[PDB]
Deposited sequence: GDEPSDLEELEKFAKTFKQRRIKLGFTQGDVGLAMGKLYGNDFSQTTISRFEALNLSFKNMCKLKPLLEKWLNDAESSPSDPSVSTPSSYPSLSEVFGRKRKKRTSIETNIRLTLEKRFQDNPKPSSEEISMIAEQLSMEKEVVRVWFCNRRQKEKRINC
């Protein structure tokens, strides 16, 4: 159980205690990756300490971070796909495909995947995300 009051104080306390232990934000995530299956990023740790994550996202991460800090203070020390980086050339081709066909078919997605040497699901997700972006930018 947690409350906004407790979360505000843990983020303050966590940053203070981690720096004294000598861990950087990225090191915390990498240690989290060994302790817990999912490897967390420096970006996520910075957002947790800045209270710039959702209430439930923070409530979920707090116990995992608390165990690491207490376990690491005790003893001295020191299922999610990796984000695919789409190079500028691949992105420009995909944007061109989005113009001529806004919603590609699975067969069209498969061809584009072979053309740009990318996995199909990534292309499918890219078009899904791209469509949502168009909706937000142009209400």
Original post:
Which regions of the deposited sequence are unaccounted for in the modelled residues, listed N- to C-terminal?
Top reply: 1 to 3, 82 to 99
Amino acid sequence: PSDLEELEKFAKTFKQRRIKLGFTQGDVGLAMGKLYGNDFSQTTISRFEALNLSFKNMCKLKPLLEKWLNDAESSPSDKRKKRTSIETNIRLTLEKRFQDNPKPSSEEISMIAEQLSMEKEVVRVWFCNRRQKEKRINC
From here on, numbers count along this sequence of modelled residues.
Subject >> Stretch with the greater mean C-alpha B-factor as recorded in the entry, comparing 52 to 60 against 79 to 87 >> reply: 79 to 87
Original post:
Out of 127 to 135 and 7 to 15, which one has CA B-factors that are higher on average in the deposited record?
Top reply: 127 to 135
Subject >> Per the PDB entry, maximal CA B factor within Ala72, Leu65, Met111, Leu35 >> reply: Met111
